Every structure is written in C-alpha cells, then in structure tokens.
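Asks: Dropping the structure in here first, questions after.
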Protein chains: 2
Amino acid sequence: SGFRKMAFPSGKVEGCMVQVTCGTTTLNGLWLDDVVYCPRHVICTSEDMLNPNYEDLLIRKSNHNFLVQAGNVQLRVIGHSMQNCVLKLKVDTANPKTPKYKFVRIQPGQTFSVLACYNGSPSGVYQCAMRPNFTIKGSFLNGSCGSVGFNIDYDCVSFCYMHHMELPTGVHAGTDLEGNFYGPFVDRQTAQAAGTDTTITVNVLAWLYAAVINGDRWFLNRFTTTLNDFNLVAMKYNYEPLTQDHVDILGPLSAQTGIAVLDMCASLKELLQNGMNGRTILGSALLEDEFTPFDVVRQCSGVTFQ
Amino acid sequence: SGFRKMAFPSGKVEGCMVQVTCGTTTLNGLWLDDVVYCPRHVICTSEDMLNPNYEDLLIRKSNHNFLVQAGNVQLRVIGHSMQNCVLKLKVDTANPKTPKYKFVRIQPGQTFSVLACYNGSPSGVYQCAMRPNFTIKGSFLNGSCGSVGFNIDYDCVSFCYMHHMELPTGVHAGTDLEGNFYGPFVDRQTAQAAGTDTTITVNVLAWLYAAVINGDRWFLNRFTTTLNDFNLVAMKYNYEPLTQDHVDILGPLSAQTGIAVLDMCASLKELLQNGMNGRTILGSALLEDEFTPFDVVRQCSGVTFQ
Ligand SMILES: CN(C)C(=O)N(C)[C@@H]1CCS(=O)(=O)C1
Ligand SMILES: CN(C)C(=O)N(C)[C@@H]1CCS(=O)(=O)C1
C-alpha cells in the first residue's frame, strides 16, 4: 500500500534522446528508426520567434545545417521535412535502441510521463495530465524543448507529447509527434490565452477510490446523489461534467471497494461544499486530478513493463 | 519554469533489476558486477516471518536454491552470504549493464528516487524522502521488496535504499545496500512503532525559495525572525529544529532570490500560525518537505546525467 504520483520507467525513452542544433539554437530530438523528431522552432533566432515564417526560414536550411549528436556520436542528416510544427530529420543510421512505439494523440484528462532533457541528456522524470484547456503544468527551462511525454503498454512506448513552449502564465504547450499543437496554441512569441483550467472530475473520483483502498476513509459520507445533481455542483466549482462513460470507466474500482460511483460522487460533493477542514487525503490538502482510473488500477495491482 | 516532484531517469537502475526466487517467495534483486543483492527475508515462509531465525533458515539453503532470472536468462549462483538483512548472491556473470555506482547511507531529510519493481520488472518511478522517523512513504505491494532507492551524480548511481517491509500503519522500512535498516526496524512480522513524523524544515524553506523563483510570492511577509524564535514555533508544529548548517546550505538560494534565510523563516512562521487561508503554493495546499536545497538548485538550473 501507499499511493504515489508515479512516472513510467524512463530507460526506453532515454535511449531515444539526442541533441539537435541549428545555428545558435540547441534543443532535444527524439531518434526513432532513422528519423529524428524535433520542434521546428529550432530554425528560429530569438528575433525570428516574434513573427516566424517557418516556410521562408526553412528555405535557408540544408541537411548539413542540422547538427544531431547522440552522446559522443554525430549523426549524418540525409533529409529533412516539416510536418506541422515538427521537423523530421532523416539520418543514415537507425537508432539501435529504438523501442516498439506508437504516436498517439491523447484526450484532455489523460496522464503521461515527461522525460525532461537538456542538450539530449535526461535530467528527470515526472507525471503530467493534459489539462482540459490543453496546457500541461510541467517543469521546463530554456533548452528543454523537444522533451517528450509518453505512456508504456508492456513493451510498446506511446509518444503523445513534445514540449515546445511556455505561456506568459508559466504553463506549458506542445504538440503530438505529428507536430499538431494540443489546444489553440502556436509556436510564436505572442501573448496566448489559456482558458479555464477545470478539474478532471473522473480523475478526482479515481483518486478517492485509491484513498479508500489505502485506508484513507474519513471523507466517506452517508449520502448519495445523481449525475444531474452532482454536475449542478461540479459546474459551480469548475469541475468537468461527469458522464455515464466516466461512471462506466470507474466500474472496476466501484467493484473492488463496494462503493457505488454515485455514493463516491456524494462524498466529493461534500468535500467541494465543505472543504477538507484541515485534513489530508493520501497526504494532499487538495483534491488530486492527475490520476486516471487506469492509473489507480495499474498502481494498486502492480502491473509491469519490459 | 514550473516546479515538479521529479525522479532521476531510471534507465541505469532498470538494467540492474532481476527476479530472485527461494522456494515459494519471489522478490527483486539488484545485479551489480557479479553480485545480486536482495532482502534476506526471501528465505522465509509466511509462517517463518512471525519469528525468523535467519541463521538457522539459511543453513537449509544451497546456491542452487536461489533462482535468479534476468529477463529470459537464468543466472548461475556460485556463492551466497548474509550481510545484516541482505543476501549477496555471487553469480558467474558480471552484469554487462552495471553502471558506475556507490553504496551510501543517507541522512533523514535526504531525498531519493525509488524504482518500484515486481518479479524483476520495473512498474514505476517516484521521489521519496527519508523521514526523520526513518520511514519512507512509498507505494509498495506484495512482491515489491528488493526495489531500490538511488540518486545519480552525472554518471554514478548512489544506491541508498532497499525495500523490505510495511508497518501496520502503511509506511515503509528498508535498509542501505550493506543490509542495515534505517531506524529501529527489524525484518520480522511483529508490531513495530514509527515515532513522530516531523516536517523537514530546511526542505520546506528550499521549496519556498523554489516558489519565489517560479513567481508564487503571495506568502512573502514584512517580518524577520531569529533561529531561536523560529525554532520555538517550529517545535510546537513538529518541525525539525533549524540549525546554522541548514542556513548555510540555503545560502545559494538566498543569493539567487535576494531573500535572507531568516526573512523566509518569518514567512514560514506566519504560514504555520495562520495556514494558507485556502490558497496554494506551487499547486500544493500544504507545506512540501520532500525537496532538498540541492534538489531545488538542480531542478531550477537543469543539471543533466549520462
Ligand atoms: C517557443 N518558446 C520556446 C517559448 O517558450 N515561447 C516563444 C513562448 C510563447 C509565449 S511567450 O511569448 O510568453 C514565450
Ligand atoms: C517483511 N514484510 C514484507 C513485511 O511487510 N512485514 C513482515 C511487515 C512488518 C510489520 S507487519 O507485521 O505489519 C508486516
């Protein structure tokens, strides 16, 4: 027992990180097979970032202008192409450490691991959720761009995120591995609006199930509710509306604990209206929304990768 | 910017995890050079765990009774010895993935990464602190024993923890890699007392510096204090006493932010006396104590490993 914000083991992704340099800009790339994927803004000067014409900037770049380094080894670039907001650099060597992998576009509320990197070297790993406003709350400094987010399914790495930028508010935006931004964001040094950061209701309920499994039971109340009643309260507190699809996904946790999903919703409703009165749940003083129902099952049942 | 509970990249340690089986008990071992390290309680039946005589139990075990599996490969055990609460199994093959490494015994308040494993396979990675009562608050299920805690210094892995057990209160106890428990705990299924879990004051102050660096400034107050005044308040709230050694360690953070350590102590004193009034700091509703001053510098300056 115990319940922790747990990332996937990072080794499979560590073996894919390289350094990409174009002129005076260095960031991270992802080397899979004989392609290196990186943020197209590698081609930009700080001046360019104000109003970049990526097509025009790219015309001045040749294969030999992209410096790709895998630890000590230089990779030879034999082709380059722009796909949305990423560059695909074709190299003459397939990554010998390439894992089984997929490119997936995740939905808001879904979680993933970030391997934060600088100059193609890993600094750390942490768990993130795609926020309902399509931002993530990460830890990224200058040079971290091209760091990736991923999930592992036994032996297959599903890459879902590449880091591209920080909003003036200090939240993070990026793309899938086809170079399409999550949300309405663009790779330009312009003021960009994050909308309302709503709480991922289904994830809060999953974590309340985790709390019960782990003996943290004080918040269980005598009440039930309905989806419409709960949602009328969820709306007021900027919680995502809970759907029958969400109830269905929580079924296995409901079954393990013997607590009906709607009873757990009534507990959550009282926690929203009354707060925690200075108490904690799994060591948090607020309602945690970065565990999915799949995350809770996974952690509470000890599923393995290799 | 942003500030996250960040583990070390896990790849170097993933390459060291193996499965150890003795009779009907399976747990994890750590394969470094031609030695596999594991919890000595691998030799125990659930009956044995009530009052084990490890010396007597060990007499009935031969090299061929320890089944060691590295993914698909069986390792051949050519020797075994008990060191405190760990077994050292000598194998005929040096781990080809052995990193540069050290065995270190950490102090309470120090942080490390855990790679949670089952049957020699990694499930996840998270950051822990050695609590002042020498427990850790982990995420460990049946089979996780022999999972290790570690720090990385560029290319060298410092192993500091091996998981051995859960207290009836759901906190975790284990050893250094010489098999000496942290704290007064024993590898026996007996009721064992965790003492007071005090807050790591120096770590709270480091995280308050991280908050300021990351623009979360609302808690900065107009006051200062002294070490004796602050400590009189720290004691009442079960905070560890702050020493001049602690002030010294916070010097670089004090220098970066221009906030005197004692001014930050006066801010912390008001947060203890008055609480957060429903506000957050780096997305927490409580004062976080599992970042060291070294952790904050490291994360805020993007230091790299390989
Ligand atoms: C592309 N990179 C690396 C960035 O972080 N940006 C340009 C931010 C966009 C919004 S901003 O102008 O505040 C900075
Ligand atoms: C050795 N292992 C794997 C354990 O977790 N224990 C025996 C705990 C000691 C205290 S207990 O008796 O509650 C269980």
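Going through the structure tokens in order, the chains are called A, B, and so on, while each chain numbers its residues from 1 and the ligands are numbered from 1 in the order shown.
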Grab me every residue within 7 Å of ligand 2, counting only C-alpha atoms and all ligand atoms, and send it over as an mmCIF file with N, CA and C atoms, in the first residue's frame.
Replies:
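Done, and the output landed in part.cif:
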data_model
loop_
_atom_site.group_PDB
_atom_site.id
_atom_site.type_symbol
_atom_site.label_atom_id
_atom_site.label_comp_id
_atom_site.auth_asym_id
_atom_site.auth_seq_id
_atom_site.Cartn_x
_atom_site.Cartn_y
_atom_site.Cartn_z
ATOM 1 N N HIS B 41 14.870 -11.869 3.707
ATOM 2 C CA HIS B 41 13.567 -12.499 4.021
ATOM 3 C C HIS B 41 13.047 -13.260 2.797
ATOM 4 N N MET B 49 8.026 -15.745 8.996
ATOM 5 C CA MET B 49 8.068 -14.258 9.163
ATOM 6 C C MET B 49 7.662 -13.831 10.578
ATOM 7 N N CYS B 145 9.417 -5.920 -2.663
ATOM 8 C CA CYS B 145 10.632 -5.997 -1.806
ATOM 9 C C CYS B 145 11.861 -6.198 -2.690
ATOM 10 N N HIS B 164 12.207 -3.415 2.202
ATOM 11 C CA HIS B 164 11.987 -4.690 2.933
ATOM 12 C C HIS B 164 10.574 -4.872 3.489
ATOM 13 N N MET B 165 9.917 -3.812 3.940
ATOM 14 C CA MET B 165 8.604 -4.062 4.598
ATOM 15 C C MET B 165 7.704 -2.843 4.759
ATOM 16 N N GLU B 166 6.460 -3.152 5.136
ATOM 17 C CA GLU B 166 5.399 -2.189 5.503
ATOM 18 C C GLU B 166 5.115 -2.331 7.000
ATOM 19 N N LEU B 167 5.030 -1.215 7.716
ATOM 20 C CA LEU B 167 4.496 -1.144 9.102
ATOM 21 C C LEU B 167 2.986 -1.322 9.044
ATOM 22 N N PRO B 168 2.339 -1.807 10.133
ATOM 23 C CA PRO B 168 0.872 -1.835 10.193
ATOM 24 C C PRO B 168 0.196 -0.491 9.866
ATOM 25 N N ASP B 187 13.341 -7.104 10.365
ATOM 26 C CA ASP B 187 12.650 -7.883 9.300
ATOM 27 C C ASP B 187 11.924 -9.052 9.972
ATOM 28 N N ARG B 188 10.879 -8.721 10.722
ATOM 29 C CA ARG B 188 10.033 -9.654 11.479
ATOM 30 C C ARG B 188 8.621 -9.083 11.452
ATOM 31 N N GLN B 189 7.634 -9.977 11.282
ATOM 32 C CA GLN B 189 6.162 -9.721 11.263
ATOM 33 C C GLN B 189 5.733 -9.597 12.711
ATOM 34 N N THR B 190 6.179 -8.512 13.329
ATOM 35 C CA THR B 190 5.823 -8.091 14.701
ATOM 36 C C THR B 190 5.333 -6.650 14.605
ATOM 37 N N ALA B 191 4.530 -6.203 15.564
ATOM 38 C CA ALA B 191 4.056 -4.803 15.655
ATOM 39 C C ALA B 191 5.278 -3.920 15.922
ATOM 40 N N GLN B 192 5.538 -2.934 15.052
ATOM 41 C CA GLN B 192 6.708 -2.028 15.205
ATOM 42 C C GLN B 192 6.241 -0.580 15.114
#
Asks: Please find the residues contacting ligand 1 at a distance of at most 12 Å between atoms, with only C-alpha atoms and all ligand atoms counted, and report them as an MDAnalysis selection string.
Replies: (chainID A and resid 25:28 39:52 85 140:147 162:175 185:194) or (chainID B and resid 1)
Asks: Of the candidates A:306, A:150, A:279, A:257, which shows the shortest atom-to-atom distance to residue 18 (chain B), using only C-alpha atoms?
Replies: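 Selected residue with least distance to residue 18 (chain B): A:306.
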Asks: Per residue of region 113-204 of chain B within 10 Å of region 241-246 of chain B, record the nearest atom pair and its distance in Å to one decimal, counting only C-alpha atoms, with rows in chain order and ascending residue number, as a Markdown table.
Replies:
| residue | atom | partner | partner_atom | distance |
| --- | --- | --- | --- | --- |
| B:198 | CA | B:241 | CA | 9.7 |
| B:199 | CA | B:241 | CA | 9.5 |
| B:200 | CA | B:241 | CA | 8.7 |
| B:201 | CA | B:242 | CA | 6.5 |
| B:202 | CA | B:246 | CA | 6.0 |
| B:203 | CA | B:246 | CA | 9.3 |
Asks: For region 226-230 of chain B, please output as a list in words all residues within 7 Å (counting only C-alpha atoms; exclusion window: fewer than 6 positions along the same chain).
Replies: residues 242, 262, 265 and 269 of chain B
